[PDB]
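Lettering of chains follows the sequences in order, A, B, ..., and the numbering in each one begins at 1. Atom set for the values below is all heavy atoms of this structure, side chains included, hydrogens, waters and symmetry mates excluded.
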Amino acid sequence: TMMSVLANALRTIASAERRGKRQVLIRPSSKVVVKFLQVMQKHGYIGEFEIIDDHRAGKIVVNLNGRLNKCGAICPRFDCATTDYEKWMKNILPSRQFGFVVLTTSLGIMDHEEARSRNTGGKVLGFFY
Amino acid sequence: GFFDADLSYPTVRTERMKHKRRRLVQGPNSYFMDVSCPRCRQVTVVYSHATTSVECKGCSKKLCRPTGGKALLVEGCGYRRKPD
Amino acid sequence: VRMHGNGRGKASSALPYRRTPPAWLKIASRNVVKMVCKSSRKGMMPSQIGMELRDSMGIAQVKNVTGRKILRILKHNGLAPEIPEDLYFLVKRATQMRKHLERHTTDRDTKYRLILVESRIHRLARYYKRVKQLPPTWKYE
Amino acid sequence: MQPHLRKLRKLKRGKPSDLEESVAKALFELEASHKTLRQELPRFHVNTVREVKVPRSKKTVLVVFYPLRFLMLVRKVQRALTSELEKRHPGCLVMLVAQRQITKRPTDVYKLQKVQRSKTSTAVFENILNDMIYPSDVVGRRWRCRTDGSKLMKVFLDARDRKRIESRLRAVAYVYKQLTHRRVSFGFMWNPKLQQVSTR
Amino acid sequence: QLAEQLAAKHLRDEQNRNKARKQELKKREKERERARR
Amino acid sequence: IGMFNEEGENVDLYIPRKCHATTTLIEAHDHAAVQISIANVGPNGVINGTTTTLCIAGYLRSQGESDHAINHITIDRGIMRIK
RNA sequence: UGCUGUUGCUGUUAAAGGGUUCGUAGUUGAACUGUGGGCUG
RNA sequence: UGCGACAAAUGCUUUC
Ligand SMILES: [Zn+2]
């Protein structure tokens with residue numbers, strides 16, 4: 001059965017980007033998925049997206065602009081202190097000049113650069129570049 | 001051709017050829033009808049996919065033969081699809 | 001059926017988005033509730049009650065007309081069945097198979113299906129005991 | 001003591017306001033002189049009346065609050081009551097809204113389990129929107145997330161009701177923002193089963 | 001003994017509910033007379 | 001555009017082309033990539049000096065989807081009418 | 001020595017998927033209560 | 001036991 005909604009959605013987006021598609025439909029949706037997409041949008045990796053209501057777990061239609069290379073989830077969600085950011089950056093990011101690691105913290109869901117500036121740790125959710 | 005497709009706003013031709021649970025938003029296939037009676041001429045509301053026995057009150061009471069899909073209506077009655 | 005066997009079928013009903021009565025339905029809510037209780041006294045189970053109202057009576061989704069579900073109405077009036085409906089049907093199936101197997105002792109296909117049904121009963125009774133719908137010592141035969 | 005003052009709240013009938021007195025006057029005169037409203041108005045009364053001015057509208061909105069106990073009472077005669085009150089206030093749009101309570105979302109998991117779902121802001125806000133458009137029903141809902149970061153909610157109505165509600169949509173959106181502090185946009189759908197949008 | 005202690009203290013509330021219903025009806029009767037005159 | 005030293009100058013030689021359909025870099029060894037120029041026409045029906053140029057990556061052509069890609073590019077550019 | 005593999009291995013044919021199912025400890029497990037607003041630069 | 005005032009998230013001038 002389906003165990004992780006976030007992992008299912010990120011795999012679907014990555015495949016459509018690799019195949020050169022312009023739009024991709026994601027099902028089912030959740031609050032965590034929407035927050036992850038907004039972090040991507042803020043940094044310019046995807047376009048606009050629309051959430052459709054169906055009285056169940058809804059669906060999302062996302063517009064792609066060709067700038068995304070890969071996105072994926074990290075399972076299980078390992079704990080990350082403020083001293084572990086360097087280790088995660090060197091292990092799953094192509095370089096130190098671009099790419100982001102997404103975390104969930106007490107202050108909300110954010111990328112590693114914002115989290116470090118505010119001096120907070122948390123759990124790793126995924127990545128994109 | 002020459003026209004792209006928006007996943008968020010599909011065309012009527014594509015949306016019509018879809019399973020009821022494969023549409024953008026799922027929904028029913030059935031409806032209700034107003035049905036008359038043979039030699040009795042009363043009014044009854046009948047489901048389009050009825051499987052139990054639907055009978056006319058105070059009459060022969062034989063109508064709505066059940067099948068594997070839509071129910072069959074006896075030729076002695078007139079039926080009209082109700083709105084909504 | 002996916003809990004046991006190799007079936008992968010997907011056939012079910014799809015509820016509508018708009019949960020309002022079609023506005024040609026003139027039955028009041030209190031009449032529908034009395035209409036549900038009368039069918040129960042005749043001896044019908046809640047799943048059969050819903051179909052009788054849907055087929056020849058104009059009422060689809062009793063919950064949309066009267067804000068309550070059929071089993072909730074029966075529980076309030078004291079007409080709920082002693083054993084949950086799905087457990088009653090599974091127990092009845094196991095009894096009919098066991099009666100058949102004493103006359104036909106070489107029907108090895110039926111013996112296989114009986115093991116599947118009895119496992120399902122123990123799994124279902126485990127859940128009902130946890131949510132306190134069954135006595136803690138129900139103990140299927 | 002004024003017989004028409006019976007149709008107001010017992011707290012506000014001591015020193016009634018001008019707008020409340022006019023509405024209470026119309027309500028009392030309507031009980032005797034209407035076939036449909038004769039059998040429902042004897043048990044009704046109103047909490048308060050508030051007027052809202054829509055910018056660049058040349059029309060005012062009269063919002064009438066009533067207690068939640070009369071929800072099914074008002075729904076039965078919402079259309080007749082609305083038109084009759086409007087025939088007595090030219091240049092105004094009336095809106096019948098019930099008074100609801102909201103429980104602030106708790107920060108404790110054990111408290112969150114005991115919250116009555118009728119009192120969440122999600123359930124209350126959508127019930128207020130249904131009150132303002134009652135003869136119509138929502139056939140769809142979507143949220144659009146712009147690249148800048150704003151999320152806008154769009155509500156779709158049936159196209160068969162366009163001729164009866166189109167002229168009121170601007171006022172509905174403004175009052176909704178005034179009450180719930182949330183934005184809303186409107187659209188119309190011919191054949192909502194297949195999700196077909198009618199752009200006039 | 002525990003059951004008998006619980007039963008009376010939890011089944012005397014029926015009388016209190018009856019008192020509440022009777023009180024409200026009297027207030028309605030008062031309001032109905034007020035509407036009479 | 002490109003990599004800057006932070007000394008003020010560009011250190012990235014040969015900024016490559018980007019496919020019009022998919023916005024993907026075109027490598028030096030992509031011998032199936034093509035560039036097409038379409039003439040502009042004056043009001044009288046006679047061509048004009050200016051031309052419209054587009055590029056298609058090799059992967060699209062080998063898959064056989066370049067024709068579909070070209071159509072949507074020209075519809076958006078307004079070179080031809082959709083209806 | 002990524003030839004003990006959590007990071008990080010292999011299992012059609014090179015060594016390796018149990019003949020097929022049921023099942024208890026164990027591991028894993030769907031969505032939802034949730035955009036604060038108004039005035040200045 | 002009587003009396004005064006105000007609410008009520010579900011109409012008692014109500015339903016059967
Ligand atoms: Zn007949």
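- Residue contacts shown for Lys90(A) are absent, as no nucleic acid heavy atom lies under 4.0 Å away.
- With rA7(H), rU10(H), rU13(H) as the candidates, the nucleotide lying closest to the side chain of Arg6(D) is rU13(H).
- Of the two residues near RNA chain G, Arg117(D) and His181(D), the one whose nearest nucleotide lies more 5' is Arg117(D).
- Closest to the side chain of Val115(D), from the set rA9(H), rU33(G), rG11(H), is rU33(G).
- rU10(G): sugar pucker north (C1'-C2'-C3'-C4' torsion positive).
- Each of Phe125(D) and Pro28(A) lies near RNA chain G, and the nucleotide nearest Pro28(A) is the one positioned closer to the 5' end.
- In this structure, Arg113(C) reaches neither bases nor backbone, as no heavy-atom distance under 4.0 Å exists between it and the strands shown.
- When the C1' atom of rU15(H) is taken as reference, atom CD of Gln39(D) falls 15 Å away, rounded to whole Å.
- Checked by atom type and distance alone, the side chain of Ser150(D) never pairs as donor or acceptor with a backbone atom of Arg146(D) at under 3.5 Å.
- Side-chain polar atoms of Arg142(D) and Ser8(B) form a donor-acceptor pair below 3.5 angstrom.
- Nucleotide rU13(H) holds its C1' atom 16 Å from the CG atom of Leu37(D), rounded to whole Å.
- Within the nucleic acid shown, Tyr112(C) comes within 4.0 Å of sugar-phosphate atoms alone, with no base atom in reach, counting heavy atoms only.
- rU6(G) atom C1' lies 13 Å from atom CD1 of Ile74(A), rounded to whole Å.
- Within the 3.5 Å criterion, the main-chain N or O of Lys123(A) finds no donor-acceptor partner in the side chain of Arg77(A).
- The side chain of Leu112(D) lies closest to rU33(G), out of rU33(G), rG36(G), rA9(H).
- Using a 4.0 Å heavy-atom criterion, one finds that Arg123(C) contacts the sugar-phosphate atoms exclusively.
- Side-chain to base pairing of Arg105(D) with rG34(G): one donor and one acceptor N or O lie within less than 3.5 Å of each other.
- Between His43(A) and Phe100(A), the ring planes are tilted. Angles from 30° to 60° get that label.
- A positive value of the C1'-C2'-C3'-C4' torsion places the sugar of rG5(G) in the northern pucker family.
- Rounded to whole angstrom, the span from the CZ atom of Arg183(D) across to the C1' atom of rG38(G) amounts to 16 Å.
- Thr122(D) has a side-chain polar atom (N or O) that falls below the 4.0 Å cut-off from OP1 or OP2 of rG34(G).
- Among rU35(G), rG23(G), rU10(H), the nucleotide with an atom closest to any side-chain atom of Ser119(C) is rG23(G).
- We find that OH of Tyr66(D) is positioned 14 Å from P of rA8(H), with the value rounded to whole Å.
- Using a 4.0 Å heavy-atom distance criterion, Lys177(D) is classed as a sugar-phosphate-only contact.
- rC12(H): sugar pucker south (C1'-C2'-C3'-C4' torsion negative).
- The side chain of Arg30(C) lies closest to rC16(H), out of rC16(H), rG29(G), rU33(G).
- Judged by ring-centre distance under 5.5 Å and interplanar angle under 30°, strand neighbours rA8(H) and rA9(H) are not stacked.
- Distance from the side chain of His4(C) is smallest to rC22(G) among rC22(G), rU35(G), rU15(H).
- Judged by ring centres under 5.5 angstrom apart and ring planes under 30 degrees, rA15(G) stacks on its strand neighbour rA16(G).
- Among the atoms of the strands shown, base atoms are found under 4.0 Å from some heavy atom of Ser118(D).
- The separation between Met72(D) atom CE and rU10(H) atom P is 14 Å, rounded to whole Å.
- The side chain of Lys151(D) has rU35(G) as its nearest neighbour among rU28(G), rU35(G), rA7(H).
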